[PDB]
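[1] The amino acid sequence is not available; the structure is as follows:
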RNA sequence: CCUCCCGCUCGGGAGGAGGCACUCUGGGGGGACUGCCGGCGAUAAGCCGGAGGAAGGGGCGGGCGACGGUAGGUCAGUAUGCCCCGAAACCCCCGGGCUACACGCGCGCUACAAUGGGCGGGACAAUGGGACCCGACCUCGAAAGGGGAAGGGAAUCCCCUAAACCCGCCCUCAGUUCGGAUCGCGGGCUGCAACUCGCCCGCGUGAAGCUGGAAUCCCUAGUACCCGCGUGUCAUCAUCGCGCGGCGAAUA
């Protein structure tokens, strides 16, 4: 009795990111946290969680949207770069963490490319989620 | 996060910021009764527009009054989650939005030590931080006096809260006193009339210089 | 028959409505089924300009409006029942577009 | 823990503090804050812990990822100088190589008689434009590189 | 059952609300009232729902869609409409006058929203002049 | 700052109570229906004012002193 | 604190304005405290003060005043 | 009614049929006028206070600036009296100069951190602009960008992601993980061409500055204060000019 709609995004994301360690099809490739990262990072973190959140979002976003592109998910993160004393401006993420991620989901059978030119959920990506949200929404009533 | 939702079940019922019942306190003086919005309810942000009328600013939730005289210091420069600031100051070179957090954490840090309803420690800090007498360099008839002028209950509150909000930013200055703390350690000691409140040191001096001159 | 769209825009308010009203009145009675004259947006055009040619002291700055309004009309009639209705005089200064599909 | 010290020596005899490993190397000229976290991976340490909690065995794993970083991994835009003086493929920079390599290329230009080398001697930015009145009220940029 | 469609508008957050009978549904832009991150502007929405009671909150399905920029903006458009959604429901002057005595941001919007940025004498913001120092 | 009704507005309501005094009332809208039909409606906002003054000019004509 | 003596006085009428900064507004006050009761004093009241507001008088022996006037 | 998921079988969510209800779009109409009620005022004008009401007593914000003057500003936009130039004070060209600096000031941006930084997640707009032009989406590239290619001359497609927000996690007040000058290098992009003199991306470099004297400016409410957003001109120099919405006051 739950969708991704019913669960707050702070409790959903460590429950799907674990369920991306456990299953265990999607994994961190070594080249992606090392130095092929998104724009500028004050520090680069050596995290599995880092990879598992950038993908745990990707299964929530393709649920909501239809044709969700690479240029959309690069620009959807939120984050900047310095120019100098000129004030900062809005730039997009690293396309390397987004174009390997959709393709690690695509081999897992969670996402599929539609024939209209775009990106949509499969039933296996849609059920992996509704089960993880049925577990989260059930726990949110137990806990005062 | 679960306590956070208990803080959403609890303000509902009714209580300020998630867990402070607005009945715990009373305004014992009949002076500060119509000038204070202790009695009404739930959220400061409100956006109820004030100064609209003659006293369109007396009905302002005590805490909202706190938030925007705690928000005050601010020019030009640019804030966003980027690298990015300061721009929101040692007192909101920016919004009542990230202001309201400071006052909430300062209600949390003043509750943690005193253990009372903090709206009984702050309303006990804005009846003591206000001086009862002030001298204006007032001349009338071309004749320069420096005179006995007594203070009105509305202009009391304002000098109470402002001197509370002016004292903390001298201490928070590039110091571990966080405003959530530096305010929470000002609000306890203005409630007490302690010798450590830069807000009860002007209260006194403004009455004492004003007694000499009268 | 052939569903035609009359897409009719004009730069001023008084000129566009008289034609839209007259088009819905003459077409009403003959071999035409007509869907009502629907108003789409004003793509109000702002030109925002410096008055003073010195650019000096205070210079007061003109705000400009060009408002272009678009009525749209679907119609089920022939290509011959279309010209009969396109007889009308039309303000200067009123663009009338015609797409033809079955 | 892995045996507390307050001063372990890393990168020769130059000192590693007790701030955090990623900030203790930034100081060591040549290793920054992004390049420090590239050599924490290959070596196999926790990045966010304090500096000085290192046995003798960790201090050897870092000194050989420094001598040649292009052997271990470290991409050819993620290493310190790539394509050096037209014939070195990639190298490393440290407090002695960085100090020499930048004064060398400056020693090169002054002999060349360019508008870059004599523009680093008179007291000026070359491409930053204004020398019109900036570094104002007697002031100075300090050009390259250190007044602390 | 019933369908009573209302509106609630504050600083151009337009809330589209519907009040039909059911089982305690609170829908905001498709997501339960639970999805919001600020605790704060939630409590604002919650103000009217207790002033009347949980009795009528539980017995009625409220779906709202607030298309408005502000986080507090959305909340505020949600505070005005629920209150108007609950005064149309029961019908009495008891629930209307009880809201008005508490605050007028439940049943009045604004008379004003925003002002244009004036042309000005070459600076930034509607109400500002270039700095002077020629005396 | 300060409020005062214009002299065009008073010239007009004064002669409009002069010609047809008995076809005017102490309701706002009715006079407003009549003012519409007698003199031009250059607009809507002024058409409420003249009408606003005419009503006051019927309240004073009962008193005995009308200026 | 110790009291002093709080000598509550509620204002009866607001005569006009004083101060060159304008700051004082002279208000006539009537007393409601346990010692005197009733006394009519013309005190220098600052800040926003309506008719029927309360003002805690610090000293009971005062009455500074300069008067005129509307035409 | 129909396809998909989930389920404690109570019930939550999307698609398409279907439906113009709602938001909205732009054309028209009503509503506020001291009309009524009290007080002050010459029973007049007007000011104050009150009720009903979405809104009130110039409702609120613009455009709208008389006769003239400072011999204000522009003949270097145009129009134009007078004078002057005539291989030239013309004309064509490349290159350099306007972007030189020991310094002085004006107007601004960015900034001196815990109301903080990283990382992640989630909830939100509006004006506008878009054919050698906006560019879905797919692919390669760490990225800047490149390759392919749908739609769009526009409520129907694209720029587009708002930003501030909040919640959890790491970090634990130093000239620093602040701050970003200066310098080495690798690399893209436009044009014939960016050394002089472009911007961005990555790594290394990592300067002054730790709340500022005398003095002085701006503004009175959806305003200031604050946060991003667009457009003009336009390849490219924007810390500018014009304009939009988000948070939302002090004192009068």
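    Thanks, I have it. Numbering: from 1, shown residues only, chains lettered A, B, ... in the order given.
[2] Tell me how far the residue of chain G found nearest chain C lies from residue C:6.
    Going by Cβ to the nearest Cβ, chain C is nearest to residue G:22 of chain G, at 31.5 Å. Where C-beta positions appear, they are placed from N, C-alpha and C, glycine not excepted. Remark: distance between residue G:22 and residue C:6 (Cβ to Cβ, to the nearest Å) = 69 Å.
[3] Tell me which of the two has more neighbours.
    residue C:6 (22 against 11; other Cβ atoms under 10 Å in any protein chain shown).
[4] My guess is that one contacts residue C:22. True?
    No: with contact defined as Cβ atoms under 8 Å, residue C:6 does not count as touching residue C:22 (11.7 Å).
[5] mind checking which helix or strand the residue of chain G closest to chain C is in?
    Using DSSP states H and E, residue G:22 is not contained in any helix or strand.
[6] dump the residue contacts of residue 100.
    Because you didn't say which chain, this covers chain A. A:29, A:32 (Cβ atoms under 8 Å, 6 or more residues apart in numbering or on different chains).
[7] please go with chain E instead
    E:106-107.
[8] what about 10 Å?
    E:83, E:93, E:106-108 (Cβ atoms under 10 Å, 6 or more residues apart in numbering or on different chains).
[9] Let me know the secondary structure of it.
    Put simply, residue E:100 is helix when judged by DSSP: H, G, I helix; E, B strand; the rest coil.
[10] cool, residue C:100 as well?
    strand.
[11] what's the neighbour count on the residue in chain E positioned nearest to chain D?
    Nearest to chain D in chain E, going by Cβ to the nearest Cβ, is residue E:133, at a distance of 17.4 Å. Counted with other Cβ under 10 Å, residues neighbouring residue E:133 total 4.
[12] I'd guess it is in a helix, am I close?
    No: read with three-state DSSP, residue E:133 is coil and lies in no helix.
[13] Quick check: the gap between it and residue A:116.
    For residue E:133, the distance to residue A:116 - Cβ to Cβ - is 63 Å.
[14] how about the strands of the chain, start to end?
    All of this refers to chain A. Remark: strands assigned in chain A by DSSP state E are A:80-81, A:89-90, A:111-112, A:120-121.
[15] meant chain E actually
    E:4-10, E:13-21, E:26-28, E:31-32, E:60-68.
[16] list the buried ones in the first one?
    Looking back up the chat, that one is strand E:4-10. E:6, E:8-10 (16 or more other Cβ atoms under 10 Å in any protein chain shown).
[17] Starting from it, tell me which strands it pairs with and how they run.
    strand E:13-21 (antiparallel) (DSSP bridges).
[18] so, in contact with RNA strand H or not, the strand it pairs with?
    Yes: interface with RNA strand H: strand E:13-21 contributes E:13-14, E:16 (Cβ under 7 Å from any atom of the strand).
[19] Just want the angle from that strand to strand E:60-68.
    Going by axes from the mean of the first three to the mean of the last three Cα atoms, to 10 degrees, strand E:13-21 is angled at 170 degrees with respect to strand E:60-68.
[20] Mind listing what's buried along stretch C:15-22?
    So, applying 16+ other Cβ under 10 Å, buried residues of stretch C:15-22: C:15-20.
[21] Flag every residue of chain D that's near chain A.
    Within reach of chain A by Cβ under 10 Å from any Cβ of the partner chain, chain D has these residues: D:20, D:22-23, D:33-38, D:40-42, D:44-48, D:73-75, D:77-79, D:128.
[22] Looking at chain G, which residue is nearest chain D?
    Closest point on chain G to chain D, by Cβ to the nearest Cβ, is residue G:21, at 38.7 Å.
[23] Chain B versus that residue, what's the distance?
    Distance of residue G:21 to chain B, given as Cβ to the nearest Cβ, to the nearest Å: 6 Å.
[24] residues contacting that residue?
    Residue G:21 touches B:136-140, counting by Cβ under 10 Å, 6+ apart.
[25] Give me the buried subset of these.
    B:136, B:138, B:140.
[26] does the first one really touch residue B:146, like I thought?
    Right, the one you point to is residue B:136. Yes: using Cβ atoms under 10 Å, residue B:136 is in contact with residue B:146, at 7.7 Å.
[27] Identify the contacts common to those two.
    In contact with both residue B:136 and residue B:146: B:210, B:213, using Cβ under 10 Å, 6+ apart.
[28] Quick check: closest non-adjacent residue to the residue of chain G found nearest chain B.
    Proximity of chain G to chain B (Cβ to the nearest Cβ) peaks at residue G:47, 3.0 Å away. Closest residue to residue G:47 apart from its sequence neighbours, by Cβ to Cβ, 6 or more residues apart in numbering or on different chains: residue B:155 at 3.0 Å.
[29] is the helix or strand hosting the one you found anywhere near RNA strand H?
    Under the criterion of DSSP H and E, residue B:155 resides in helix B:153-171. Yes: using Cβ under 7 Å from any atom of the strand, helix B:153-171 comes into contact with RNA strand H via B:155, B:158, B:162, B:168-169.
[30] likewise stretch A:73-87?
    Yes: counting by Cβ under 7 Å from any atom of the strand, contacts between stretch A:73-87 and RNA strand H involve A:74-79, A:81-87.
[31] of all these, which two lie farthest apart?
    Across these, no pair lies farther apart than A:76 and A:85, at 28.5 Å, counting by Cβ to Cβ.
[32] Give me the more crowded residue out of the two.
    residue A:76 (15 against 5).
[33] Residue A:61 is in contact with the more buried one, correct?
    Yes: counting by Cβ under 10 Å, residue A:61 is a contact partner of residue A:76 at 7.2 Å.
[34] Could you name every residue contacting both of these two?
    If you check residue A:76 and residue A:61 against Cβ under 10 Å, 6+ apart, the residues they both contact are residue A:68.
[35] Return the residues in contact with whatever residue of chain G ends up closest to chain E.
    Nearest residue of chain G to chain E (Cβ to the nearest Cβ) works out as residue G:50 at 21.7 Å. Going by Cβ under 10 Å, 6+ apart, residue G:50 touches B:34, B:54-55, B:152, B:154, G:11, G:14, G:27.
[36] so what's the backbone phi/psi at residue A:36?
    Main-chain torsions, residue A:36, degrees, to the nearest 10: phi -80, psi 70.
[37] ok, now how distant is the nearest residue to residue B:15 once chain neighbours are set aside from residue B:64?
    Nearest non-adjacent residue to residue B:15, counting by Cβ to Cβ, 6+ apart: residue B:21, 5.0 Å away. As judged by Cβ to Cβ, residue B:21 and residue B:64 stand 18 Å apart.
[38] Give me the more crowded residue out of the two.
    The neighbour count for residue B:21 versus residue B:64, taken as other Cβ under 10 Å, is higher for residue B:64 (21 against 14).
[39] My assumption is that residue B:52 lies in a strand; please confirm.
    No: applying three-state DSSP, one finds residue B:52 to be coil, outside a strand.
[40] okay, now it: neighbour count?
    9.
[41] returning to that earlier point: any idea whether the residue of chain G closest to chain E is helix, strand or coil?
    coil.
[42] Any chance of the backbone angles for it?
    phi -90, psi -180.
[43] can you pull the contacts of the residue of chain B found nearest chain C?
    Of all residues in chain B, residue B:76 sits closest to chain C, at 21.3 Å by Cβ to the nearest Cβ. By Cβ under 10 Å, 6+ apart, the contact set of residue B:76 is B:87, B:93, E:124.
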